[PDB]
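Here's the structure, in structure tokens; my notes come after.
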Amino acid sequence: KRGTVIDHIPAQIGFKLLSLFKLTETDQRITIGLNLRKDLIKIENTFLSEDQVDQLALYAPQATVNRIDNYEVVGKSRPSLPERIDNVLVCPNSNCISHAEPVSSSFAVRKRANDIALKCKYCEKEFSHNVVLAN
Amino acid sequence: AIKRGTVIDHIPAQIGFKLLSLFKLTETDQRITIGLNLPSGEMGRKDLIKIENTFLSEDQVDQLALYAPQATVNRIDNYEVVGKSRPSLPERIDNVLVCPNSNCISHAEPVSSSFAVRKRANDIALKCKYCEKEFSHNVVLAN
Amino acid sequence: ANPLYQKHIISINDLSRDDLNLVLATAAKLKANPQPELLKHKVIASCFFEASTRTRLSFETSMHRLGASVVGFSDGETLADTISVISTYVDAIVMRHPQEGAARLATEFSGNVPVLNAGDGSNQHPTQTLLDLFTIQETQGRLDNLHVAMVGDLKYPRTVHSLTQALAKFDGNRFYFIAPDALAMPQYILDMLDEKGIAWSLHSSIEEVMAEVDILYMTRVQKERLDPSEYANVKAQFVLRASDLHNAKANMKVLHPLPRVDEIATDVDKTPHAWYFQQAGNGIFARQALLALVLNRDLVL
Amino acid sequence: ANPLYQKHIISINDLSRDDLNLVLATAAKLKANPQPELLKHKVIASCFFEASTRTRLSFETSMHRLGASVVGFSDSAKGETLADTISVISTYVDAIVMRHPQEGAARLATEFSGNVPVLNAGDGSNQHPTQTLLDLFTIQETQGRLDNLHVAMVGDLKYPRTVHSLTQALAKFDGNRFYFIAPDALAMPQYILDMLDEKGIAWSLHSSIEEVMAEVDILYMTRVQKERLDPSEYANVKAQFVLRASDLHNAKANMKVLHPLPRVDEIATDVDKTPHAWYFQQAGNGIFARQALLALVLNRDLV
Amino acid sequence: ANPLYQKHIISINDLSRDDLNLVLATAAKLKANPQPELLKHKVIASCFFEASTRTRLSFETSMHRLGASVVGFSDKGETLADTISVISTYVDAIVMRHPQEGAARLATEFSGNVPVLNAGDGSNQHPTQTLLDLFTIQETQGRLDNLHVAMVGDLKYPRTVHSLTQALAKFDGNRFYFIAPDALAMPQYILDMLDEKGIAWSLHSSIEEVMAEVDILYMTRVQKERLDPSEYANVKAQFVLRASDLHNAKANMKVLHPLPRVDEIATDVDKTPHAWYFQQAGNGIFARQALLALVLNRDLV
Amino acid sequence: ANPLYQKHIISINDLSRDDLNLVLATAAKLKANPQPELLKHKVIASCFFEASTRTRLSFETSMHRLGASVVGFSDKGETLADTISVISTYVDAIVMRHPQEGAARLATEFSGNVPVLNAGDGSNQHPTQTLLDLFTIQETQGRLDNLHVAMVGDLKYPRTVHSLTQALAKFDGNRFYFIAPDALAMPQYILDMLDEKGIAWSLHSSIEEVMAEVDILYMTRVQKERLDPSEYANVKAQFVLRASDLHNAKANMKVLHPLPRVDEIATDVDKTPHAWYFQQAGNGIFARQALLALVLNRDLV
Ligand SMILES: [Zn+2]
Ligand SMILES: [Zn+2]
């Protein structure tokens with residue numbers, strides 16, 4: 001197909017990537033292979049935007065995304081950590097207005113020595129990505 | 001085909017990902033192959049799941065009935081079919097459904113959901129194990 | 001075989017016909033021959049997550065009439081946890097809860113300690129329907145082939161659904177449902193009755209049928225749900241005054257699960273047809289019954 | 001000349017079609033050219049015997065938009081009669097906006113206020129004129145007319161007083177078709193249907209909004225009064241009747257979805273961003289219907 | 001022989017090593033051999049000036065388990081001394097919980113000959129909690145000596161965790177691991193106490209550092225209410241315990257929590273064999289039967 | 001010219017050094033030249049989702065001082081977004097205080113063109129408090145630069161003290177003294193912020209170490225409610241300020257408290273010339289007239 005493909009996904013991150021980013025809410029054919037151990041997802045007639053690939057950085061850091069306009073590669077890339085992460089993350093501060101309210105989550109992103117810092121748009125608290133990501 | 005395992009054919013498209021999520025089908029270490037919006041003249045557009053070295057029991061397949069009524073499960077030993085099967089509506093469905101009654105003890109508490117199943121003319125009735133209220137499957141399944 | 005030994009008492013839909021007859025029998029026999037040390041050295045938990053001091057008092061009295069000890073309470077930690085703790089403390093758990101399913105939920109975490117349901121929200125209240133039955137028993141002499149009228153709110157009262165369900169487990173009963181349209185007996189109960197080929201009719205006034213009725217069962221109309229205007233017409237139509245008992249059979253008994261402020265005028269109290277305080281009195285023996293049946297393997301009475 | 005000057009505003013059943021037309025007209029006029037000091041030196045008592053702070057804020061904003069002073073209370077937390085409270089307050093103020101738990105209280109106030117007009121912000125299950133007025137003003141402003149409309153009303157139709165009011169008021173205009181979409185236990189009451197028949201106005205029942213979406217001009221969602229029902233049966237109501245954007249594919253482009261608010265369990269937030277969502281615009285219009293009422297009851301003239 | 005007869009039980013810092021041993025032993029003996037009429041005809045006051053229904057149910061169950069009567073309350077211009085001076089005339093022992101520190105001590109100065117038992121006096125002491133902890137560690141481990149004991153969570157504020165450290169330092173060769181965030185550390189007075197006895201203790205940041213060594217994983221209840229919601233988000237993320245954390249655990253190791261355990265121990269643990277916090281609460285009845293019986297009899301058995 | 005017209009005032013971390021200067025200047029000019037009809041015909045919403053009557057009175061006074069109308073409330077299954085979506089249709093600005101962090105930010109996403117002003121959003125921000133602080137330091141000292149600023153008390157929890165440090169670090173050559181107990185220290189994020197700007201800060205244990213140098217003695221309100229009563233006894237003993245502590249004080253030095261000051265500043269101070277916490281509160285009206293006028297006019301004067 002003439003679309004986009006994601007190679008070298010850490011095992012058990014394939015199903016999550018399909019889930020968190022609503023990749024199965026399209027009409028195209030999707031090929032998915034879990035545990036080769038490397039997960040991989042592929043979508044026909046689907047091209048990913050610039051920052052759209054960036055958002056995978058936190059979950060599949062060392063992973064490759066290849067573009068297909070022919071039966072061969074038209075452009076290969078790796079995800080780079082973005083300035084902001086919207087929609088998919090949940091704020092650990094339980095007093096955050098974000099919860100129960102009809103707004104999308106948003107965190108500023110900031111690399112550190114050991115952790116990645118995620119500062120909430122709303123409650124303005126900064127957390128280590130390990131705390132934010134623990135569901 | 002595969003060396004050994006289970007295969008689920010003729011899944012209503014957009015019910016494939018639901019089956020992977022609700023039944024935690026990707027929480028194994030074995031190889032899984034899946035294809036969403038596959039083309040078949042048998043279904044139109046379908047979904048397909050395949051799992052190496054994993055077998056589904058009678059009830060495990062019956063439990064797919066409510067989401068993919070017309071669907072097929074094939075067992076693959078030594079790369080050929082040894083048991084062919086279809087899902088039948090189960091007597092009870094645990095864990096995956098949520099009680100629509102918001103006052104049900106079910107919700108805040110660390111138990112699994114459970115509804116007894118009973119077919120009717122137009123709908124399937126789902127009676128909760130806890131609050132003993134019976135709902136149309138359409139009310140239960142509507143999020 | 002006491003097929004209730006160590007069993008949970010959760011829902012009237014889980015009690016078999018023999019289970020019911022067993023309870024009624026133990027009640028009548030304990031009522032006739034008290035056994036005040038049957039449960040010596042037992043400790044029972046009176047867990048009223050939702051207050052109900054009429055119900056609580058009746059239960060706790062049953063507990064003491066069989067010589068049991070009592071501990072309890074009224075009004076982020078799960079119910080599973082509290083139940084897991086309390087079952088290590090006690091030998092039986094009586095519990096009332098605002099949420100439907102709480103008693104069933106308790107049984108999955110109580111271990112070998114049986115839980116008895118004093119009411120789980122809008123679902124079940126077994127002991128109420130038990131003492132209602134025991135009262136129809138003792139007053140009519142039987143649970144079969146009775147004319148049973150049910151007057152008031154029939155859409156919402158759990159106790160009247162329970163009681164209908166349980167009378168449909170006995171034979172030849174004829175039901176009269178006398179209620180305003182907005183508070184009718186629900187279809188699922190009417191369906192159950194058709195599916196057992198049991199005879200039932202609707203009427204809009206208790207006068208139409210008073211002559212045949214053996215049990216007049218008044219519900220507590222749930223004022224809170226309705227408009228005070230709507231309620232004015234209901235209360236006028238369906239309230240019961242003693243002048244309404246000229247046609248009644250000499251055996252006919254009036255029952256009310258209580259409180260009856262707006263349903264049975266004080267005129268009735270003095271007529272021999274009034275059995276709602278005796279009904280409440282009988283709750284002692286139905287609850288004594290369950291405690292004894294669930295905490296002793298043998299019972300020779 | 002202005003037949004509402006010094007008049008009480010108590011019930012939608014007391015306003016003639018002419019009174020209605022005058023309010024609607026005064027409101028639209030005030031909306032387009034504000035009159036920020038029409039009521040200078042007037043003092044108005046905002047007496048919410050029953051708290052209702054959206055209603056209170058909208059009324060009190062209205063008063064200030066015409067430059068009136070406001071004194072009052074929103075007290076929900078008492079042996080002296082209501083007659084005396086009104087007897088006293090009428091000597092203090094120039095107009096009384098009033099909300100009360102008991103039906104008839106604004107009527108009872110008018111009998112003790114002397115020359116001071118009382119406006120009804122709700123008296124228990126009876127009346128709430130201002131809500132129905134700003135509804136009318138909203139349907140008009142969005143449609144261009146209050147006649148020859150297809151008006152669907154979905155949700156609880158037995159209990160919400162404002163939806164009775166609104167049907168009564170729309171029945172004073174011509175050629176309207178009403179669709180009543182509600183569960184059987186919460187149907188439009190018989191007296192409302194009787195009224196519509198006695199005027200030969202068209203109405204049908206439905207079980208699902210999809211039956212009629214193609215024809216509808218106003219989809220008026222009521223607040224299902226959860227507290228009256230079992231949470232179990234309520235699960236079935238909410239499931240049937242909740243409104244999401246997937247329901248608005250057939251809808252006409254002129255159609256507006258209206259809700260008196262709060263809409264937590266009736267209108268999904270997916271609707272909010274569609275062009276059919278007009279329930280916050282609806283609520284803003286309470287400013288103009290309520291400015292209107294104040295103005296008309298407190299002057300003979302018109303600027 | 002029984003040096004606790006007619007003594008008040010106020011503070012763990014007043015129970016001697018020998019007194020501790022006596023209670024534990026009495027508890028084990030009472031657990032193994034019921035003595036349900038040992039305190040017949042005694043009346044005990046269950047005085048919860050500060051509500052705490054888990055504690056109150058546990059005590060009152062202990063009381064009936066020894067066949068005593070119980071009277072009390074669960075929630076004032078008149079002094080506490082006056083209250084106690086009155087209640088001493090009524091009853092044979094006063095079990096009491098109070099929001100203010102020193103309330104049990106003060107009660108003793110006005111209770112005369114009636115022994116006072118402390119169910120918790122504000123921020124100070126909670127002897128029975130530490131007693132049933134010890135009885136559970138001892139019953140599961142076979143000993144209270146030379147144990148590896150981790151205490152995870154909030155260690156600055158829980159009175160019972162300071163209590164339990166003090167009491168375990170009365171036994172010797174114990175190794176302590178303190179796993180807690182800086183703002184909720186073990187207080188200085190406790191560390192100094194441990195140093196003056198040459199008792200071994202180390203700090204850590206995560207239970208994984210030491211899980212391999214621990215015999216007791218003792219989880220405290222973090223008092224979130226003191227903290228910023230953000231700060232608590234980070235604490236709960238670090239220190240919550242789930243079953244996945246128990247791969248290295250010794251087969252004999254037990255997880256203990258004073259309860260409620262909502263935000264500290266995931267329900268994964270419940271199913272593992274290391275889960276002992278409900279057994280721990282159940283053990284409270286015997287540590288409390290023990291204390292009651294020892295203070296109300298001079299004779300053992 | 002006025003880059004704050006039609007902007008929301010949400011967080012001090014979003015007001016630029018130039019924005020800060022603009023407010024302060026507008027405040028001083030409004031203080032010196034009343035403009036009591038500048039906002040005639042505007043209606044402003046005084047929305048105290050969380051009561052705080054000192055703050056509310058200060059704002060509402062600011063509002064009438066500019067001749068605006070005010071509507072509001074001082075204490076819900078419906079979302080905050082819905083509330084704000086409705087209120088924006090009514091009014092021209094929304095002043096709002098809320099228990100939850102992010103509430104003002106969230107309001108802006110549903111207020112449309114109506115500017116939102118933050119009167120405090122839980123643990124996050126309180127812009128107006130920091131603004132009236134700065135206006136008071138500046139008005140009393142002649143400058144916001146190269147000042148000696150001590151902040152004494154609880155520095156871990158007060159949002160306004162973190163706020164005020166951030167805003168003073170937008171001015172340069174300031175020397176900070178942090179005088180607070182270990183459990184209530186200045187948080188790390190603030191110290192790091194100061195280090196990354198090469199701004200001078202030292203820790204101390206008592207105001208006496210540095211009193212000779214300070215231009216601003218800024219007392220926080222210690223949140224006792226978070227602490228043990230004993231621990232707080234030691235804090236209050238150390239850090240309370242009485243007039244006897246002001247012998248070295250520079251004649252220009254001012255004592256500032258956000259209020260209430262019960263357990264921090266003895267009434268001895270009130271009579272001394274260093275007492276400026278009531279003047280500080282009074283100054284809140286002009287910092288708030290400033291903010292209102294700047295967001296509701298593009299034209300200065
Ligand atoms: Zn947040
Ligand atoms: Zn349920």
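Simple scheme: letters A, B, ... for chains in structure tokens order, numbers from 1 for residues in each chain, numbers from 1 for ligands in the order shown.
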
Within 6 Å of ligand 2 (only C-alpha atoms and all ligand atoms), residues as a PyMOL selection string: chain B and resi 99+101+104+106+128+130-131

Those in segment 153-292 of chain D with alpha helix (DSSP H) from DSSP, as a PyMOL selection string: chain D and resi 161-170+190-198+231-241+269-272+279-292

Export of the given selection (C-alpha atoms) as a PDB file, in the first residue's frame:
```
ATOM      1  CA  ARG D 161     -42.866  22.960  34.885  1.00  0.00           C
ATOM      2  CA  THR D 162     -41.050  25.009  32.274  1.00  0.00           C
ATOM      3  CA  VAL D 163     -41.892  22.583  29.493  1.00  0.00           C
ATOM      4  CA  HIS D 164     -45.607  22.777  30.273  1.00  0.00           C
ATOM      5  CA  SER D 165     -45.310  26.596  30.247  1.00  0.00           C
ATOM      6  CA  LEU D 166     -43.535  26.485  26.924  1.00  0.00           C
ATOM      7  CA  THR D 167     -46.144  24.310  25.255  1.00  0.00           C
ATOM      8  CA  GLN D 168     -48.955  26.525  26.626  1.00  0.00           C
ATOM      9  CA  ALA D 169     -47.147  29.593  25.286  1.00  0.00           C
ATOM     10  CA  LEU D 170     -46.336  28.142  21.890  1.00  0.00           C
ATOM     11  CA  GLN D 190     -53.102  14.930  29.843  1.00  0.00           C
ATOM     12  CA  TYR D 191     -54.179  18.504  30.580  1.00  0.00           C
ATOM     13  CA  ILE D 192     -51.527  19.801  28.146  1.00  0.00           C
ATOM     14  CA  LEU D 193     -52.690  17.485  25.351  1.00  0.00           C
ATOM     15  CA  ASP D 194     -56.306  18.376  26.060  1.00  0.00           C
ATOM     16  CA  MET D 195     -55.385  22.043  25.673  1.00  0.00           C
ATOM     17  CA  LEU D 196     -53.647  21.426  22.335  1.00  0.00           C
ATOM     18  CA  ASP D 197     -56.616  19.402  21.035  1.00  0.00           C
ATOM     19  CA  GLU D 198     -59.121  22.014  22.146  1.00  0.00           C
ATOM     20  CA  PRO D 231     -31.250   4.342  39.242  1.00  0.00           C
ATOM     21  CA  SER D 232     -31.973   1.140  37.325  1.00  0.00           C
ATOM     22  CA  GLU D 233     -34.982   2.509  35.333  1.00  0.00           C
ATOM     23  CA  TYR D 234     -33.083   5.791  34.985  1.00  0.00           C
ATOM     24  CA  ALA D 235     -30.278   3.838  33.314  1.00  0.00           C
ATOM     25  CA  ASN D 236     -32.790   2.890  30.616  1.00  0.00           C
ATOM     26  CA  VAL D 237     -34.094   6.459  30.231  1.00  0.00           C
ATOM     27  CA  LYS D 238     -30.652   8.043  29.927  1.00  0.00           C
ATOM     28  CA  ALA D 239     -29.631   5.308  27.462  1.00  0.00           C
ATOM     29  CA  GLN D 240     -32.645   5.869  25.210  1.00  0.00           C
ATOM     30  CA  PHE D 241     -32.880   9.654  25.255  1.00  0.00           C
ATOM     31  CA  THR D 269     -20.523  17.440  25.045  1.00  0.00           C
ATOM     32  CA  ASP D 270     -19.789  16.286  21.472  1.00  0.00           C
ATOM     33  CA  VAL D 271     -22.834  18.400  20.520  1.00  0.00           C
ATOM     34  CA  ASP D 272     -21.374  21.631  21.982  1.00  0.00           C
ATOM     35  CA  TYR D 279     -28.392  26.144  24.968  1.00  0.00           C
ATOM     36  CA  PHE D 280     -25.764  28.629  26.215  1.00  0.00           C
ATOM     37  CA  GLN D 281     -27.022  31.244  23.769  1.00  0.00           C
ATOM     38  CA  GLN D 282     -30.401  30.346  25.150  1.00  0.00           C
ATOM     39  CA  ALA D 283     -29.220  31.134  28.687  1.00  0.00           C
ATOM     40  CA  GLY D 284     -27.642  34.466  27.656  1.00  0.00           C
ATOM     41  CA  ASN D 285     -31.057  35.472  26.337  1.00  0.00           C
ATOM     42  CA  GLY D 286     -32.431  35.405  29.908  1.00  0.00           C
ATOM     43  CA  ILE D 287     -30.720  38.781  30.187  1.00  0.00           C
ATOM     44  CA  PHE D 288     -33.043  40.288  27.588  1.00  0.00           C
ATOM     45  CA  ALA D 289     -36.279  38.618  28.542  1.00  0.00           C
ATOM     46  CA  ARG D 290     -35.618  39.718  32.130  1.00  0.00           C
ATOM     47  CA  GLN D 291     -34.505  43.243  31.282  1.00  0.00           C
ATOM     48  CA  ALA D 292     -37.694  43.381  29.249  1.00  0.00           C
TER      49      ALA D 292
END
```

Those in segment 48-123 of chain B with strand (DSSP E) from DSSP, as a ChimeraX atom specification: /B:48-52,72-77,80-85,92-94,114-119

Let me see the file: selected residues, C-alpha atoms, as a CSV table (one decimal), in the first residue's frame.
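To be explicit, this is the file written out as result_35.csv:
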```csv
chain,number,residue,atom,x,y,z
B,48,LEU,CA,-9.0,-11.4,11.6
B,49,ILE,CA,-6.9,-12.5,14.6
B,50,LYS,CA,-4.4,-15.3,14.9
B,51,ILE,CA,-2.5,-16.5,17.9
B,52,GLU,CA,0.3,-19.1,18.1
B,72,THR,CA,-15.5,-18.5,13.2
B,73,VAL,CA,-12.7,-20.0,15.3
B,74,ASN,CA,-10.3,-22.6,13.8
B,75,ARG,CA,-7.8,-24.7,15.7
B,76,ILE,CA,-4.5,-25.2,14.0
B,77,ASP,CA,-2.4,-28.3,15.0
B,80,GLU,CA,-4.0,-28.0,9.7
B,81,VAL,CA,-7.5,-27.5,11.2
B,82,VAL,CA,-8.3,-30.0,14.0
B,83,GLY,CA,-11.4,-28.4,15.5
B,84,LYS,CA,-13.8,-25.8,13.8
B,85,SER,CA,-16.2,-23.8,15.9
B,92,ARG,CA,-23.3,-15.7,31.8
B,93,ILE,CA,-20.8,-13.1,30.7
B,94,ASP,CA,-18.3,-12.0,33.3
B,114,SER,CA,-21.3,-10.7,35.9
B,115,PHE,CA,-24.6,-10.9,34.0
B,116,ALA,CA,-26.7,-13.9,33.4
B,117,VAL,CA,-27.8,-14.2,29.8
B,118,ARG,CA,-31.3,-14.9,28.4
B,119,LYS,CA,-32.4,-14.5,24.8
```

Within 10 Å of ligand 1 (only C-alpha atoms and all ligand atoms), residues as an mmCIF file with N, CA and C atoms, in the first residue's frame:
```
data_model
loop_
_atom_site.group_PDB
_atom_site.id
_atom_site.type_symbol
_atom_site.label_atom_id
_atom_site.label_comp_id
_atom_site.auth_asym_id
_atom_site.auth_seq_id
_atom_site.Cartn_x
_atom_site.Cartn_y
_atom_site.Cartn_z
ATOM 1 N N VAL A 90 -2.746 11.487 31.509
ATOM 2 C CA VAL A 90 -3.643 11.848 32.615
ATOM 3 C C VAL A 90 -2.837 12.486 33.736
ATOM 4 N N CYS A 91 -3.315 13.597 34.247
ATOM 5 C CA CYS A 91 -2.562 14.289 35.280
ATOM 6 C C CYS A 91 -2.603 13.530 36.606
ATOM 7 N N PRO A 92 -1.444 13.276 37.232
ATOM 8 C CA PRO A 92 -1.430 12.581 38.530
ATOM 9 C C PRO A 92 -2.025 13.393 39.689
ATOM 10 N N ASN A 93 -2.030 14.730 39.610
ATOM 11 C CA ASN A 93 -2.637 15.540 40.658
ATOM 12 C C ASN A 93 -4.147 15.322 40.632
ATOM 13 N N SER A 94 -4.693 14.698 41.666
ATOM 14 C CA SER A 94 -6.112 14.370 41.637
ATOM 15 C C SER A 94 -6.968 15.597 41.885
ATOM 16 N N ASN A 95 -6.375 16.684 42.358
ATOM 17 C CA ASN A 95 -7.150 17.901 42.521
ATOM 18 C C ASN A 95 -7.201 18.728 41.236
ATOM 19 N N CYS A 96 -6.441 18.329 40.203
ATOM 20 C CA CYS A 96 -6.444 19.016 38.909
ATOM 21 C C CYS A 96 -7.851 19.216 38.364
ATOM 22 N N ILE A 97 -8.148 20.446 37.937
ATOM 23 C CA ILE A 97 -9.441 20.663 37.327
ATOM 24 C C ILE A 97 -9.627 19.741 36.118
ATOM 25 N N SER A 98 -8.528 19.340 35.451
ATOM 26 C CA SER A 98 -8.625 18.553 34.215
ATOM 27 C C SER A 98 -9.586 17.364 34.334
ATOM 28 N N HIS A 99 -9.683 16.751 35.515
ATOM 29 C CA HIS A 99 -10.481 15.539 35.702
ATOM 30 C C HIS A 99 -11.981 15.821 35.749
ATOM 31 N N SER A 105 -6.272 16.824 28.022
ATOM 32 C CA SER A 105 -5.042 17.002 28.786
ATOM 33 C C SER A 105 -3.931 17.567 27.907
ATOM 34 N N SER A 106 -2.964 18.198 28.568
ATOM 35 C CA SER A 106 -1.862 18.854 27.875
ATOM 36 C C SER A 106 -0.684 18.942 28.838
ATOM 37 N N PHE A 107 0.494 18.490 28.415
ATOM 38 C CA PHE A 107 1.666 18.661 29.264
ATOM 39 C C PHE A 107 2.825 19.196 28.447
ATOM 40 N N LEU A 118 7.034 16.484 32.898
ATOM 41 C CA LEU A 118 5.782 16.782 32.216
ATOM 42 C C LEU A 118 5.029 17.771 33.094
ATOM 43 N N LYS A 119 4.892 19.020 32.640
ATOM 44 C CA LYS A 119 4.210 20.048 33.418
ATOM 45 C C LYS A 119 2.812 20.276 32.859
ATOM 46 N N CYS A 120 1.803 20.153 33.718
ATOM 47 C CA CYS A 120 0.409 20.244 33.298
ATOM 48 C C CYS A 120 0.016 21.675 32.902
ATOM 49 N N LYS A 121 -0.756 21.784 31.812
ATOM 50 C CA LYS A 121 -1.204 23.081 31.340
ATOM 51 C C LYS A 121 -2.114 23.758 32.352
ATOM 52 N N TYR A 122 -2.881 22.956 33.101
ATOM 53 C CA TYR A 122 -3.940 23.461 33.987
ATOM 54 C C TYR A 122 -3.468 23.725 35.420
ATOM 55 N N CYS A 123 -3.110 22.664 36.145
ATOM 56 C CA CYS A 123 -2.722 22.819 37.542
ATOM 57 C C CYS A 123 -1.271 23.279 37.716
ATOM 58 N N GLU A 124 -0.495 23.354 36.638
ATOM 59 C CA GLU A 124 0.860 23.913 36.617
ATOM 60 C C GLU A 124 1.859 23.138 37.497
ATOM 61 N N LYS A 125 1.562 21.883 37.827
ATOM 62 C CA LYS A 125 2.501 21.038 38.560
ATOM 63 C C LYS A 125 3.336 20.224 37.579
ATOM 64 N N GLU A 126 4.598 20.002 37.923
ATOM 65 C CA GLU A 126 5.508 19.242 37.086
ATOM 66 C C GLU A 126 5.735 17.879 37.720
ATOM 67 N N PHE A 127 5.691 16.820 36.904
ATOM 68 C CA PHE A 127 5.851 15.454 37.376
ATOM 69 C C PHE A 127 6.916 14.757 36.545
ATOM 70 N N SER E 230 -0.454 17.223 44.694
ATOM 71 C CA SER E 230 0.640 16.883 43.780
ATOM 72 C C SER E 230 1.705 16.023 44.451
ATOM 73 N N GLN F 100 -9.927 23.960 43.255
ATOM 74 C CA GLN F 100 -9.132 23.043 42.459
ATOM 75 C C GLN F 100 -8.155 23.794 41.580
ATOM 76 N N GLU F 101 -6.951 23.238 41.449
ATOM 77 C CA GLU F 101 -5.943 23.880 40.628
ATOM 78 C C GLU F 101 -6.285 23.725 39.153
ATOM 79 N N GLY F 102 -6.095 24.816 38.413
ATOM 80 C CA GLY F 102 -6.417 24.870 37.005
ATOM 81 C C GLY F 102 -7.780 25.445 36.680
#
```

Test item: chain C residues at most 10 Å from chain D, counting only C-alpha atoms, as a count of residues only: 17

12 Å contacts from chain B to chain E using only C-alpha atoms, as a PyMOL selection string: chain B and resi 108-111

Test item: residues at most 12 Å from residue 66 of chain A, only C-alpha atoms, excluding those fewer than 6 positions along its chain, as a list in words: residues 2, 3, 4, 5, 6, 7, 8, 40, 41, 42, 43, 46, 47, 48, 53, 72, 73, 74, 75, 76, 77, 78 and 79 of chain A
